[PDB]
């Protein structure tokens, strides 16, 4: 009954529309949670949307100044995918940073809350607290903000503690039925790792992450489930996936080093390999969280000089706000499929018409079929929203 994900990756020609929740538009005529850092994860039957609530609904005095990242009121929300975060939504744990995943039998939730310099991560499995760990470097323990990955009952989750603009202490935790059974330190060539988007790649787990220090190319962390070994590098592709970054004409990348091109800061993102090619998404603006696009870089997984992209799709047009994005994987009859969500951020600080900060989501899944074009932005009229 445990998931093992021992099927080949599906053939992927692109991505087709899967879900959208319209939560900000709904917020203007209904009681909807303020959120950020959303993600998607599916049990063997159905998918769920998650997000970090801000302990308030949008049309509510407490939505003021929800641009703040960490408060004791943030909790992890969980609904079936496509059900918006209404007041019946379950808060599954206290968290201003989270990861969740289903091992085939039950849900694991990794939830981080508490003091910036002395946070706690609770591990909740099958509806009960099984373990916890304290911040090891006293500098904002934080994790993936997207699904973890379980193989044969062993789940893995990437966690970082320490500087956001320098060497930090990243660890890969191995969790069985909610108990931390082993911990490995980040090893290899990735020099800064945050907010990993991880996927099953039998027999292991592979992650594409955020370098917040010197890289606008994304780190890769590869996790061996059996022997707990870790290796790490960077997505080779000369079309890089972080924001900020240089323009397509002047950017470059390395397979084993951060490129040092607009490296500081970043945004959660994702990519995955298909042979020597790489599928990746990124904002369309190279400086800001405007627009979202996907495409395949031919030999982009192994050749750091390639900028040869194909199969581009606009998900969110360049005139509209995007935000975080991350991967999740869905088991099919004969192959493992790859999907992604996009966070559509509205409000402060970039938009000052309102006092709050929140998001909606849109979701696409890989397809072996055909597909057209479009743009699926947030759609809320900020000028007519409650303040």
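Residue numbers count along the first chain shown, from 1.
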Output the stretch having the higher mean C-alpha B factor in the entry; the candidates are 347 to 355 and 323 to 331.
347 to 355
Looking at the deposited entry, does 245 to 253 or 165 to 173 carry the larger mean Cα B-factor?
245 to 253
From the list 109, 117, 289, 268, select the residue with the highest C-alpha B factor recorded in the entry.
117
Highest recorded C-alpha temperature factor, please, choosing from 82, 127, 258, 72.
258
Third assignment of residue 363 from its chain's C-alpha B-factors
lowest
C-alpha B factor of residue 17, ranked within the chain: lowest, middle or highest third?
lowest
Comparing residue 284 with the other modelled residues of its chain, is its CA B-factor in the lowest, middle or highest third?
middle
Assert third(CA B-factor, residue 312) within chain per record equals lowest
Taking the C-alpha B-factors as the PDB entry records them, is residue 96 in the lowest, middle or highest third of its chain?
middle
